[PDB]
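Note that the protein sequences, when read in sequence, are chains B, h, c and f.
Using PDB author numbering, read the first sequence as starting at 5 and increasing by one per residue.
Using PDB author numbering, read the second sequence as starting at 914 and increasing by one per residue.
Using PDB author numbering, read the third sequence as starting at 262 and increasing by one per residue.
Under PDB author numbering, the letters of the fourth sequence match residues 1 to 242, 258 to 273, 278 to 400, 403 to 489, 526 to 566, 578 to 604, 625 to 632, in that order.
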Amino acid sequence: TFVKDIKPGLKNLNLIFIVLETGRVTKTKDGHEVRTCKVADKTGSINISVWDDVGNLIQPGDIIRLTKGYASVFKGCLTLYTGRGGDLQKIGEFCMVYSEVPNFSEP
Amino acid sequence: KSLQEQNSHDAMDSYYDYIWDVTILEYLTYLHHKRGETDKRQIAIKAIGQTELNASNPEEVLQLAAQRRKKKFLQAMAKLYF
Amino acid sequence: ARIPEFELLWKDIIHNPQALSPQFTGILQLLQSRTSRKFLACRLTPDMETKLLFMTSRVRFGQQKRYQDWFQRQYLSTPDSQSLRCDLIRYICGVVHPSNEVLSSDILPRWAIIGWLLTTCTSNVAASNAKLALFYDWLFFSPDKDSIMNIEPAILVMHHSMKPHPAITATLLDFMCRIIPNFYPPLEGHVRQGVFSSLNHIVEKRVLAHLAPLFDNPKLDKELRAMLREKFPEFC
Amino acid sequence: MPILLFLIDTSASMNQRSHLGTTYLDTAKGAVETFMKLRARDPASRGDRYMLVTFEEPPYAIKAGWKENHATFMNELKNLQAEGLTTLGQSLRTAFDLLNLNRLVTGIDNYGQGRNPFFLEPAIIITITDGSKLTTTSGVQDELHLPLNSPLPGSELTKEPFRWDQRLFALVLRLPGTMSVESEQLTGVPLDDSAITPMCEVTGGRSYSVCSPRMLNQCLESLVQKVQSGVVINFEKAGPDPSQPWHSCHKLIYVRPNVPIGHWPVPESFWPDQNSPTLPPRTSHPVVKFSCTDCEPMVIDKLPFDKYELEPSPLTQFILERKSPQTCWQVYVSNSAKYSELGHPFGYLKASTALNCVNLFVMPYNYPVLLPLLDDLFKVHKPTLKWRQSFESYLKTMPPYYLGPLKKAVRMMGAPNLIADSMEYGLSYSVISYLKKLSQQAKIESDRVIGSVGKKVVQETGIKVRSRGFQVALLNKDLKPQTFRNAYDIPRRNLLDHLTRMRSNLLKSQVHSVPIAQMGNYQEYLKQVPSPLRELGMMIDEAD
């Protein structure tokens, strides 16, 4: 189970990721705040789309797994998406070890 | 390699009288000490402690002790198997 | 002790300790006694203790910054948090007793934990309280009933902080050298006895190859090394 | 400050009896006791420290190592049980590793810096054993082989377990069972044919084959005379020899103090160079080759030189009995020169004027060329330019480690700031870091071994019962059954009597089993007891 293998068109996803970082307020379109957050591990790093509702009450460390997802791209940066059948579900908390060195968001 | 066995069908302690080589009895004493059977170790140490089996005896004395033990052991084997 | 009730009780103990309890001979038994882990442990909620156990059992050396900063900003951001730092230091020293097998491994050494705890004391009173908490076990050391875990983080901090953070090492050394006569002159001999026992415990179980370079470190001040030589000719 | 290691055989073959009525192990213990008694006659004996090793497993083989007082040694020596194999090789390796435990940490072996006879830790290993062949669990080995399965760190530098200043004297007990009086016993003690004799011969020692108590006493008298601080050097006749044993034989030189002091180290067997990653392995005994040709024993004033007296050997003294003290035989070590395979003479063997002893004088690496130059400087003189050029040419053909002792020599001589002040050590930084790491590892392993000499544990009481993990324990040795405290320790044989005793003890109304040593020690008992009113043929019979 690696972060690297989040591809478009995948089914029956059971992947595990940890939101160690916090999303930052930013403007998109006019009226909507589609926040974005990035996480990293020993395998790789990937961005996670954060909606306003989740982004207001989010605190770091939560563990969530998606099913029937479909990968998306946002201005050349890969971004996970949920909807039209997809659904999220929290599992646990704090039982992880991270590695922030392999992050691909650097210049 | 044979004394290391433990499924013996012959009276192990009783045959310790018939060993005359001191190294065989040395290995026997080590084996019994390692396995913890103190009493058979005492029998082996008593066997070593016999004056006639002292390895630095005159050669004919050792030869005669070996010969008498050989005779007794072979007679016992004859009584057992005939 | 400012409340007159405690002063009255202390004076009654001084005048006749057997008066309040016939079997209670005096303060000798209390001083020679030991503190059980239950009292140190019980003031912490389970979440903090479990986090510290996870850090000392799973977190490798280097990642300690994120978890401790999270705990500090979330909770340890109050005026009373300074004394709570001392409470956490006491909990780590008295309760947390890791095995030697995990010590041999490359798991996160406790010297980093002690360094983070000490460097966060932003006031002189907080630092004084934390140092008194650290030196509380050092007053009455007993090798037979106590583990070396109460002084291994200390000596590790001194050996590891010589180059990067001389200030912490110098402050701790100055405080532990000056606490000896100041604490209690009628019982300062016990303090020196405990320090000698701890030094002998470090010598017998050689965590470091030689203690000689640290005692007379060139970058330490003159008077500290002078009084270290004066008090303990045995380690010279 | 010598070391006396007794490698007592504890193989079960040591249970053999003799006409004395005691086992061989008993006679070995008595031999150690009598060796101590004879040793104590000398005033110098107060400085020795004894060591004990047995033929047991490695965790229990050493039972009197370093930091062990004499009483502990005696207590361990008394309670020896002969119950193992004749694992002579492994035990001998354990003994040598124990002796060489502290060498690297204190750096007494100046690796890559010549050999210093004054840096010695003199030890002899007295292995008392019977003649029976070697045994292991696999079988009989019938030839002594030292195992190297778990080398101590830095061991490859000497490539031999026994070291420069160590010797092995075997006391092979051959006491016959039935008494056999022989007039041949009046002759000298002979050499033994067992597997230990070659190993004794190579390391400078010799074996002994005792066949009677009087021969045992003679052997122990000989052993006491053979303990002496010194190192062992292998000699060899260089060039056309004058083969009898005097051509090449391991021999001892006495290193007397006044602690030991000396200046010139014996040269290495290799040419040092800073480029090599690792030093070559040096044989434990430095094979020095002597030239039979006569030469002038030169000497100059204020010269730091060392006189070492070789141990007496009969044929060497006999040939040197020819009165020739005015001449001497030079000596050099092979493969010491950068180009030549022979090397230059660093010393000579000049017998004393009285011809009582043959003394080895050690000098700089190539002395017959340097000494005229130094004499010329100290006689004529501000050295000349040609003289300094000659010195530089000499230094080009002189191994680097010699300069340090030469620097001290010129400093004490009266030329403090000669060309030696440039300073050098002449090894690789890799080698020095390796030596530092070896010192650290040696300290760690030494502390571990000193911690582990105790082994306060007994053998497992299990049986490994087979289903042809439930086991039946052995007798609870040293259990100290608390009969009063526990009711299961009361045998049915004497249930009522102990019941009555514990009942009476419980109401308002193990001792007398003190060890034998503490049984009649009236001093401690009187010291414990209050003091009274102040005061107004066989040898021992107690109470002085």
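Cβ coordinates follow ideal geometry from the N, Cα and C atoms, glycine included.
Applying a beta-carbon distance threshold of less than 9 Å, which residues of chain c neighbour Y102 of chain B? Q324, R327
Relative to chain c, which residues along the region 439 to 462 of chain f have a C-beta separation below 7 Å, given in chain order? Residues passing the 7 Å Cβ filter: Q461.
Let me make sure I understand the geometry here. Which of f:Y590, f:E603, f:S91, f:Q185 has the alpha-carbon closest to that of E630 of chain f? f:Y590
Using 8 Å as the limit for Cβ to Cβ distance, is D468 of chain f near chain c? yes
Given that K464 of chain f touches chain c, what residues does it touch there, using C-beta distances under 8 Å? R467, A470
Residues near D241 of chain f by beta carbon distance below 7 Å, same chain, minus five either side: Spatial neighbours of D241 of chain f in its own chain (CB-CB distance under 7 Å, excluding positions within 5 residues in sequence) are listed in chain order as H262.
For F98 of chain B, which residues in chain c fall below 8 Å Cβ to Cβ? The answer, in chain order, is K312, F315.
Taking DSSP as the reference, what is the three-state secondary structure of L82 of chain B? strand
Residues of chain B with CB under 8 Å from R319 of chain c, in chain order? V101
Please list, in chain order, the chain f residues whose beta carbon lies closer than 9 Å to that of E965 of chain h. Chain f residues near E965 of chain h: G177, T178.
So the candidates are f:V431, f:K369, f:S310; which of them puts its Cα closest to the Cα of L390 of chain f? f:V431
For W377 of chain c, which residues of its own chain have a beta-carbon under 7 Å away from its beta-carbon, when the five flanking residues on both sides are left out? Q325, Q329
Report all residues from its chain with a CB closer than 6 Å to the CB of residue 402 of chain f; omit the five preceding and five following residues, and keep chain order. Between 400 and 403, chain f has no modelled residues, and residue 402 of chain f is one of the positions in that gap.
From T317 of chain c to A431 of chain c, what distance separates their C-alpha atoms? In this structure, the alpha-carbon of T317 of chain c lies about 27 Å from that of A431 of chain c.
Out of c:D477, c:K480, c:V418, point me to the one whose CA is closest to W372 of chain c's CA. Out of c:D477, c:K480, c:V418, c:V418 has the C-alpha closest to the C-alpha of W372 of chain c.
Between the beta-carbon of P58 of chain f and the beta-carbon of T158 of chain f, is there less than 8 Å? Contact flag unset, no.
With DSSP as the reference, label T317 of chain c as helix, strand or coil. helix
Could you tell me whether any Cβ in chain f is nearer than 8 Å to the Cβ of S969 of chain h? yes
Mind checking if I932 of chain h is an interface residue toward chain f, Cβ cutoff 8 Å exclusive? no
Alpha carbon to alpha carbon, how far is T197 of chain f from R206 of chain f? Give it in angstroms, no decimals. Between the C-alpha atoms of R206 of chain f and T197 of chain f there is a straight-line separation of about 7 Å.
Beta-bridge pairing of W348 of chain f - partner residues as DSSP gives them: f:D313, f:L368
What in chain f is Cβ-close to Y994 of chain h, meaning under 8 Å? By Cβ distance, chain f contributes nothing, its closest Cβ being about 25 Å from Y994 of chain h, past 8 Å.
Evaluate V597 of chain f with the Cβ neighbour count: other Cβ atoms within 10 Å of its Cβ, from every protein chain shown; 16 or more gives buried, anything less gives exposed. exposed
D91 of chain B (DSSP reduced to helix, strand or coil): Strand at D91 of chain B.
Looking only at DSSP bridge pairs, what is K308 of chain f linked to? f:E236, f:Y351
Where do the ends of the beta strand (DSSP E) carrying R39 of chain B lie? Counting along the chain, the unbroken beta strand (DSSP E) around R39 of chain B starts and ends at 39 to 44.
Thinking residue 650 of chain f and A195 of chain f are a contact (beta carbons under 8 Å), I'd like their distance in whole angstroms, please. Residue 650 of chain f is absent from the model: chain f starts at 1 and stops at 632.
Is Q539 of chain f close to chain h? Criterion is C-beta to C-beta, closer than 8 Å. no
Coarse secondary structure for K326 of chain c, derived from DSSP in three states: helix
So what does DSSP say about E328 of chain f, is it helix, strand or coil? strand
Assuming contact is defined by CB atoms lying nearer than 8 Å, are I124 of chain f and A28 of chain f in contact in what I supplied? For the 8 Å CB-CB criterion, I124 of chain f and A28 of chain f do not form a contact.
Quick check: is any heavy atom of the ligand FMN less than 7 Å from the C-beta of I441 of chain c? Annotation note on the ligand FMN: not contained in the displayed structure, which lists no ligands.
Am I right that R346 of chain c and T381 of chain c are in contact with their C-beta atoms under 8 Å? What's the rounded C-beta distance? 6 Å
Tell me which same chain residues have a C-beta within less than 6 Å of the C-beta of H421 of chain c, skipping the five on either side of it? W372
Taking the alpha-carbon positions, what's the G27 of chain B to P359 of chain c distance? 38 Å
Going along chain h, which residues have a C-beta under 8 Å from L85 of chain f? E939, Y940, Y943
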